[PDB]
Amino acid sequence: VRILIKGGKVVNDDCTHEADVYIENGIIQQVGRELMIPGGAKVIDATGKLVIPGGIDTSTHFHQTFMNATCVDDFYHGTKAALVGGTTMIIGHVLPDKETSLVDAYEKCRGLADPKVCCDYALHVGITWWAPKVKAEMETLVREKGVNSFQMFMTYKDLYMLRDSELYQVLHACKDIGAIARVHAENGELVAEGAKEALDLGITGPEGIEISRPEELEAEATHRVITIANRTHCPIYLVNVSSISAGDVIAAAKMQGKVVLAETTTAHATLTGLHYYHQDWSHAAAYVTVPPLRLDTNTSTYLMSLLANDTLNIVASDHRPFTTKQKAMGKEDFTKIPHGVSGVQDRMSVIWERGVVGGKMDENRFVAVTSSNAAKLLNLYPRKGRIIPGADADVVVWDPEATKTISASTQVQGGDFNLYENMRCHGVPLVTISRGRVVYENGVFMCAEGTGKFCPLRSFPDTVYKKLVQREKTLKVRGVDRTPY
């Protein structure tokens, strides 16, 4: 199949220019004005529209069982929703229980995903415990299973938390094999104590998740893991950055030349924790995730500015929807509300509205935070994240003059609540092209399950590791030459 996108503006993360785009056999063939193409192409009129790289969502949890609930979206519905939302690649999470095999958990995820995915994907692997067998499995995964990123938690005590000596060893191992170390940095002991205290004070409602983990617990842990990472010489990637305090730690570390990257979520970047205090339990529960949304009304604006600024690099949905009925496992004990919100479909439009229409960043920075930075990180750039000849034809024809209002009743992503309910959005995907085929057009989705493919991710991505080679020569530490005492 052969596709001509005609009359639009191509928007990459570096600049915008008027140009048509010609696609064939999964691949962008030409970009320019007045192209010489074979006749019989499908012509897509993009006048007045922007032609952007499809979104890449670096955090998704399709099919995941978590806190005794199974995410409502499997790999087919989740990728569909992504595509209807202008995202053309997802990275899913693998989360083995403590003491279980990382490789088995990865293979099980591959088995669920390969036959269902509608778009390209790859996987992060969780490191929820530490032992010789874990290190050997890390290695196997990077060496031959196309993994280059692991996820660790500083919180979820007794479930997924690693202690400081374990993190030290884990980061050392990630660095040796050229992997990215993703970390969720809240202080797990202080979280556990805070939750227990709040319950003992009679706070059982969803607001407990905000009260029990104030932002200093995030800032502290973020500061600690940056320091551990800097001592092991491992690039560190903070996830779900939620607060001004943690943003400030990250900015100060970056000023000091430390190798720190950071990601936030659509929700953290746009919504306040005031939702946890809503009179309706279900509404309040529906915003429950960690670290929690914050009360400080400056939080959104500041996180959005950090994104515009490249203090935060990447924005993800962290999609993990649950229904109100599932959330209600914690109707009487907030610590049992499963953590997850929906957003894989909302991400592009929401960030467009608050980021670009809101004047925090321009359309090019929007591409950077929604695809290009991720692609570099994953070692997939410019194959993904850029409209140029030779790249994968993962392309969105984006309408910056659209009329969409977001609602749960029209969404295709799972969950019974949409967090952005009633938000007017000026940017929507008009057409989505994935692997050089139109999968969404005129409001209709059409794609067979299993069309998408796993994309092995090569180790040592340049955008982080290239400078670390030279930096490692720079840390030349020698003693003083004395004669012996």
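Counting begins at 1, following the sequence as shown.
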Item to complete: May I ask you to compare 397 to 405 and 343 to 351 by their mean CA B factor in the entry and name the higher one?
Response: 397 to 405
Worksheet entry | Comparing 49 to 57 with 421 to 429, the one whose average Cα B-factor in the PDB entry is higher | 421 to 429
Discussion item. Checking the record values for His319, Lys80, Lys98, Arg224, which has the greatest CA B factor?
Written reply: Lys98
Worksheet item: In the PDB entry, which of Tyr168, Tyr277, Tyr237, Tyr121 has its C-alpha at the highest B-factor?
Response: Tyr277
Worksheet item: Looking at the C-alpha B-factor of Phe62, is it in the lowest, middle or highest third of its chain?
Response: middle
Worksheet item: Lowest, middle or highest third: where is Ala19 by Cα B-factor in its chain?
Response: middle
Worksheet item: Thinking about Cα B factors across the chain, which third does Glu216 belong to?
Response: lowest
Worksheet item: Split the chain's modelled residues into thirds by Cα B-factor; is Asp13 in the lowest, middle or highest one?
Response: lowest
Practice prompt. Consider only the C-alpha atoms of the modelled residues in this chain, order them by B-factor as the entry records it, and name the third containing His184: lowest, middle or highest.
Written response: lowest
